[PDB]
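Asks: Here it is: the structure, laid out below.
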Amino acid sequence: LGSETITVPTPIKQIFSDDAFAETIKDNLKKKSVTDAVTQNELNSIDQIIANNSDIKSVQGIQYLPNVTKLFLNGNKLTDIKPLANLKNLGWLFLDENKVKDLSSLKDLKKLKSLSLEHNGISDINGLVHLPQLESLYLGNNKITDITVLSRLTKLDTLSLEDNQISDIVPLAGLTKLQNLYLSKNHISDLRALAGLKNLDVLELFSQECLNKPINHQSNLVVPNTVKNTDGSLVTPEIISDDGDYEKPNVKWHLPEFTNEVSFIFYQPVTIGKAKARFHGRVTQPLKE
Ligand SMILES: [Zn+2]
Ligand SMILES: [Zn+2]
Ligand SMILES: [Zn+2]
């Protein structure tokens with residue numbers, strides 16, 4: 001908008017407050033010093049910013065570059081991203097490894113096609129309702145438990161939710177345009193939601209870790225198997241703790257004088273569309289005295 005253009009020549013150091021960042025602008029327009037002056041035409045000129053691992057704590061000043069389309073800003077020290085809020089022409093925004101937790105500034109970025117926020121400690125991704133046009137979304141290595149908002153992001157061909165804490169992938173059942181789905185290291189016990197996902201080329205389901213609602217230290221104990229495949233059918237465990245034994249459809253046991261938590265491990269090669277993956281994880285079942 002209006003005073004998100006500078007009208008007299010100005011020195012970099014002054015418009016871009018953060019030193020690291022002021023230097024990515026210098027290094028990008030091939031200038032020789034941050035004290036050198038820049039005119040808005042030159043700023044208008046900038047389409048891409050490559051600034052990974054560059055120790056950037058603030059992108060203030062970025063507001064003055066309204067034709068910027070691709071922002072590579074991984075592994076910096078960003079927390080507040082408001083100066084992006086209004087860069088209408090943004091399509092790639094890479095903010096891995098920062099600490100950006102409030103996605104409200106992305107909300108009017110309606111040309112944004114690919115967003116990455118791996119490893120930011122995000123837990124609420126509901127701000128994503130404001131961005132249905134997304135094509136690639138990388139949300140790996142956060143603390144996301146609820147993905148119900150994703151049933152709306154129907155334009156995705158690439159989605160990574162690897163290493164969060166998802167029990168429930170029913171919200172993905174709809175997203176049939178999906179080609180690469182990474183769901184490793186979550187709490188996924190039921191693969192039914194993926195029956196539909198026919199265009200999948202790459203799919204990952206390693207290391208699920210599913211925990212249960214406690215019961216009690218019984219000599220004869222008999223928990224039912226809840227791990228289900230694509231198509232509804234109970235997957236047969238690839239090993240049980242504590243000379244445990246599986247007769248359909250329960251893990252049985254026999255105890256008194258050892259301890260409090262029991263478990264079983266499962267394994268199942270799956271095929272959905274043109275993709276082949278390994279659904280391998282563990283059902284825990286803790287007990288009390
Ligand atoms: Zn909002
Ligand atoms: Zn035994
Ligand atoms: Zn195994």
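Residue names in the structure tokens use chain letters A, B, ... in the order shown, residue numbers from 1 in each chain, and ligand numbers from 1 in the order shown.
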Any residue with an atom at most 12 Å from ligand 3 counts, using only C-alpha atoms and all ligand atoms. Which are they? Put them as a ChimeraX atom specification.
Replies: /A:206-208,237-240,264-269,278-282
Asks: Just to be explicit: take each residue in the selection above, keep N, CA and C atoms, and write the result as a PDB file, in the first residue's frame.
Replies:
```pdb
ATOM      1  N   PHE A 206       5.822 -45.082   8.763  1.00  0.00           N
ATOM      2  CA  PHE A 206       6.706 -45.602   9.802  1.00  0.00           C
ATOM      3  C   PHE A 206       6.352 -45.125  11.195  1.00  0.00           C
ATOM      4  N   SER A 207       6.629 -46.001  12.146  1.00  0.00           N
ATOM      5  CA  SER A 207       6.796 -45.670  13.545  1.00  0.00           C
ATOM      6  C   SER A 207       5.618 -45.018  14.190  1.00  0.00           C
ATOM      7  N   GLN A 208       4.439 -45.610  14.103  1.00  0.00           N
ATOM      8  CA  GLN A 208       3.329 -45.074  14.857  1.00  0.00           C
ATOM      9  C   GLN A 208       3.449 -45.550  16.295  1.00  0.00           C
ATOM     10  N   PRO A 237      -0.684 -58.889  14.930  1.00  0.00           N
ATOM     11  CA  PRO A 237       0.545 -58.290  15.469  1.00  0.00           C
ATOM     12  C   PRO A 237       1.823 -59.032  15.083  1.00  0.00           C
ATOM     13  N   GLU A 238       2.903 -58.304  14.817  1.00  0.00           N
ATOM     14  CA  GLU A 238       4.188 -58.926  14.507  1.00  0.00           C
ATOM     15  C   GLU A 238       5.030 -59.235  15.752  1.00  0.00           C
ATOM     16  N   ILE A 239       4.386 -59.323  16.914  1.00  0.00           N
ATOM     17  CA  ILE A 239       5.098 -59.663  18.179  1.00  0.00           C
ATOM     18  C   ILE A 239       4.369 -59.049  19.415  1.00  0.00           C
ATOM     19  N   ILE A 240       4.251 -59.762  20.536  1.00  0.00           N
ATOM     20  CA  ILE A 240       3.610 -59.190  21.758  1.00  0.00           C
ATOM     21  C   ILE A 240       4.559 -59.168  22.976  1.00  0.00           C
ATOM     22  N   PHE A 264       1.948 -54.356  22.352  1.00  0.00           N
ATOM     23  CA  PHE A 264       2.244 -55.172  21.184  1.00  0.00           C
ATOM     24  C   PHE A 264       2.644 -54.322  19.956  1.00  0.00           C
ATOM     25  N   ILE A 265       3.382 -54.935  19.036  1.00  0.00           N
ATOM     26  CA  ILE A 265       3.990 -54.244  17.910  1.00  0.00           C
ATOM     27  C   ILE A 265       3.321 -54.770  16.681  1.00  0.00           C
ATOM     28  N   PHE A 266       3.164 -53.949  15.649  1.00  0.00           N
ATOM     29  CA  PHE A 266       2.483 -54.412  14.421  1.00  0.00           C
ATOM     30  C   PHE A 266       3.165 -54.011  13.182  1.00  0.00           C
ATOM     31  N   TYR A 267       2.891 -54.738  12.108  1.00  0.00           N
ATOM     32  CA  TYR A 267       3.569 -54.494  10.833  1.00  0.00           C
ATOM     33  C   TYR A 267       2.746 -54.966   9.675  1.00  0.00           C
ATOM     34  N   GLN A 268       2.778 -54.210   8.592  1.00  0.00           N
ATOM     35  CA  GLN A 268       1.842 -54.422   7.534  1.00  0.00           C
ATOM     36  C   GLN A 268       2.257 -53.615   6.324  1.00  0.00           C
ATOM     37  N   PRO A 269       2.755 -54.269   5.259  1.00  0.00           N
ATOM     38  CA  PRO A 269       3.016 -53.500   4.033  1.00  0.00           C
ATOM     39  C   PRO A 269       1.712 -53.206   3.315  1.00  0.00           C
ATOM     40  N   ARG A 278       5.188 -48.956   4.567  1.00  0.00           N
ATOM     41  CA  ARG A 278       5.171 -49.882   5.736  1.00  0.00           C
ATOM     42  C   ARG A 278       4.535 -49.300   6.984  1.00  0.00           C
ATOM     43  N   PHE A 279       3.414 -49.870   7.343  1.00  0.00           N
ATOM     44  CA  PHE A 279       2.681 -49.442   8.487  1.00  0.00           C
ATOM     45  C   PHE A 279       3.226 -50.260   9.621  1.00  0.00           C
ATOM     46  N   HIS A 280       4.085 -49.678  10.437  1.00  0.00           N
ATOM     47  CA  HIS A 280       4.782 -50.387  11.501  1.00  0.00           C
ATOM     48  C   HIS A 280       4.687 -49.465  12.693  1.00  0.00           C
ATOM     49  N   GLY A 281       4.179 -49.954  13.806  1.00  0.00           N
ATOM     50  CA  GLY A 281       4.125 -49.157  15.030  1.00  0.00           C
ATOM     51  C   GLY A 281       3.834 -50.019  16.230  1.00  0.00           C
ATOM     52  N   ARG A 282       3.460 -49.381  17.324  1.00  0.00           N
ATOM     53  CA  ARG A 282       3.338 -50.059  18.618  1.00  0.00           C
ATOM     54  C   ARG A 282       2.109 -49.654  19.387  1.00  0.00           C
TER      55      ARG A 282
END
```
Asks: Pick out the residues sitting within 9 Å of residue 250 of chain A, and hand them over as an MDAnalysis selection string; count only C-alpha atoms, and ignore anything fewer than 3 positions along from it in its own chain.
Replies: chainID A and resid 222:226 245:247
Asks: Return as a CSV table (one decimal) with N, CA and C atoms, in the first residue's frame every polymer residue, whether protein, DNA or RNA, with at least one atom no more than 12 Å from an atom of ligand 2; count only C-alpha atoms and all ligand atoms.
Replies:
```
chain,number,residue,atom,x,y,z
A,219,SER,N,-4.5,-61.1,36.3
A,219,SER,CA,-3.8,-62.4,36.0
A,219,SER,C,-4.2,-62.9,34.6
A,240,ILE,N,4.3,-59.8,20.5
A,240,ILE,CA,3.6,-59.2,21.8
A,240,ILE,C,4.6,-59.2,23.0
A,241,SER,N,4.4,-58.2,23.9
A,241,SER,CA,5.3,-58.3,25.2
A,241,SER,C,4.8,-59.4,26.1
A,242,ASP,N,5.7,-59.9,27.0
A,242,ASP,CA,5.4,-60.7,28.1
A,242,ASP,C,4.6,-61.9,27.7
A,243,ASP,N,5.3,-63.0,27.3
A,243,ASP,CA,4.8,-64.2,26.6
A,243,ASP,C,3.3,-64.0,26.3
A,244,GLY,N,3.0,-62.9,25.6
A,244,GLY,CA,1.6,-62.6,25.2
A,244,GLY,C,1.2,-63.4,24.0
A,245,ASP,N,-0.1,-63.5,23.7
A,245,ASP,CA,-0.5,-64.4,22.6
A,245,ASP,C,-1.8,-63.8,22.0
A,252,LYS,N,-4.0,-61.4,24.5
A,252,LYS,CA,-4.1,-62.0,25.9
A,252,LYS,C,-2.8,-61.9,26.7
A,253,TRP,N,-2.8,-62.1,28.0
A,253,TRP,CA,-1.6,-62.1,28.8
A,253,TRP,C,-1.7,-63.1,30.0
A,254,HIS,N,-0.8,-63.0,30.9
A,254,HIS,CA,-0.8,-63.7,32.2
A,254,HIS,C,0.3,-63.1,33.1
A,255,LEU,N,-0.1,-62.6,34.3
A,255,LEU,CA,0.8,-61.8,35.1
A,255,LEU,C,1.0,-62.2,36.6
A,256,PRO,N,0.4,-61.4,37.5
A,256,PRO,CA,1.0,-61.0,38.8
A,256,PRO,C,2.4,-60.5,38.9
A,257,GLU,N,3.4,-61.3,39.3
A,257,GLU,CA,4.7,-60.8,39.9
A,257,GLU,C,5.8,-60.4,38.9
A,258,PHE,N,5.5,-59.4,37.9
A,258,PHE,CA,6.4,-58.4,37.3
A,258,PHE,C,6.0,-56.9,37.3
```
Asks: Write as a count of residues only the residues around ligand 1, taking 12 Å as the cut-off and counting only C-alpha atoms and all ligand atoms.
Replies: 17
Asks: Of the candidates A:98, A:89, A:14, A:189, which one gets nearest to residue 212 of chain A if we count only C-alpha atoms?
Replies: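 Of A:98, A:89, A:14, A:189, the one nearest residue 212 of chain A, counting only C-alpha atoms, is A:189.
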Asks: Which residues come within 7 Å of residue 202 of chain A, counting only C-alpha atoms, excluding same-chain residues fewer than 4 positions away, as a VMD selection string?
Replies: chain A and resid 179 to 181 275
Asks: Could you dump the residues just selected with C-alpha atoms as a short mmCIF file (atom, residue, chain, number, x, y, z; two decimals), in the first residue's frame?
Replies:
```
data_model
loop_
_atom_site.label_atom_id
_atom_site.label_comp_id
_atom_site.auth_asym_id
_atom_site.auth_seq_id
_atom_site.Cartn_x
_atom_site.Cartn_y
_atom_site.Cartn_z
CA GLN A 179 0.40 -37.43 -4.33
CA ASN A 180 2.91 -37.39 -1.44
CA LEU A 181 1.79 -37.97 2.08
CA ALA A 275 2.58 -46.05 -3.63
#
```
Asks: So which bits of segment 20-133 of chain A end up alpha helix (DSSP H) when you DSSP the backbone, as number ranges by chain?
Replies: A: 20-28, 40-44
